[PDB]
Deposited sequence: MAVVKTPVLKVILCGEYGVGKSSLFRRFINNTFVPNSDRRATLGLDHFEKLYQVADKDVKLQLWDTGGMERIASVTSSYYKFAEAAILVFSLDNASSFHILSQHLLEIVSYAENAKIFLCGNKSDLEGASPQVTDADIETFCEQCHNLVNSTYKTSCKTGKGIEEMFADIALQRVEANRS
């Protein structure tokens, strides 16, 4: 079964490590850089290899090997902080530079602390670079399992086409 690499991108403090923890175990706490999980979508089984930055985005020392050979990139931003959504342009630039033809997904984390703005992605990038957007909350787990399931489904469908 194929192994598809999914990287977590975004600024420091949006909830990338919390999403990574939720992936490994459905846990929230107020290890390794990558974790593999097996999904079956219809006929095809795929192993999603989710990567976390390891806190290296705090010193802006995310190496180019983090983006290389990435089948997908999840741009995570906090729904209560509008700067985290504005700063995604640099991360998308690095992704495209080191891994073109990569599926870009958008994650709006901390949906329990928004009630800020960022209600419209407003075509952050064109030519349908964004495959789909998601609103998650690592504290309550809302929309996380659905997000990863839909990501696996979309990339199985894309690799079959």
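- Going by the record, the unmodelled stretches of the deposited sequence, in order, are 1-5, 36-43, 129-134.
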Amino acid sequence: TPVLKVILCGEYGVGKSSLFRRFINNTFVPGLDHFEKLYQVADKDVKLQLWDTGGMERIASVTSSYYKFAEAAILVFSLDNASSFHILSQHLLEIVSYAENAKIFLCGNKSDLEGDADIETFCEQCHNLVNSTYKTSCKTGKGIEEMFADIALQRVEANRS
From here on, numbers count along this sequence of modelled residues.
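- Just going by the entry, 100-108 versus 116-124 on mean CA temperature factor gives the higher value to 116-124.
- Comparing 129-137 with 45-53, the higher mean C-alpha B-factor in the PDB entry belongs to 129-137.
- When the modelled residues of the chain are ordered by C-alpha B-factor, residue 4 sits in the middle third.
- Among the modelled residues of its chain, residue 29 has a C-alpha B-factor that falls in the highest third, as given in the PDB entry.
- Sort the chain's modelled residues by C-alpha temperature factor and residue 92 lands in the lowest third, per the entry.
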